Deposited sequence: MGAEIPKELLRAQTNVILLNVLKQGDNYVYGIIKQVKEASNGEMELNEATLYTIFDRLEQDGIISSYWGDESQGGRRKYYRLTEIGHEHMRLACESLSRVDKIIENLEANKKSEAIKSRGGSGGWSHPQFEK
């Protein structure tokens, strides 16, 4: 349903941040270019997501230099562990699926 895909939006949003702090206009078109023009994100959509992650302490926000105000987001410490738990969660279920295709023939 929808909470597999929202579980996938965070894991890639958690990775344009893993590789340098960034703002949204940049994050937005950094995932559009990463998506060959297929994953177009909204400003309002991204913000609600980052607010939740920021409340849960998965990312934090700070300001830039000048000029004009500009909110930047960075991967926090416990956001680093989550990103690799979702990674170690692939390591199991990806061999579990093949072992199930093996326990037949």
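Residues of the deposited sequence that lack C-alpha coordinates fall in the stretches 1 to 5, 72 to 73, 113 to 132.
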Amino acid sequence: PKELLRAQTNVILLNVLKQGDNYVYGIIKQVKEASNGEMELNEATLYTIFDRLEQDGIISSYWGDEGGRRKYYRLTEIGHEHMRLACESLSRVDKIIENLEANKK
From here on, numbers count along this sequence of modelled residues.
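Higher mean CA temperature factor, per the PDB entry, when comparing 18 to 26 with 84 to 92: 84 to 92.
Taking the mean C-alpha B-factor of each stretch as recorded, 74 to 82 and 45 to 53 are not equal, and the higher mean is that of 74 to 82.
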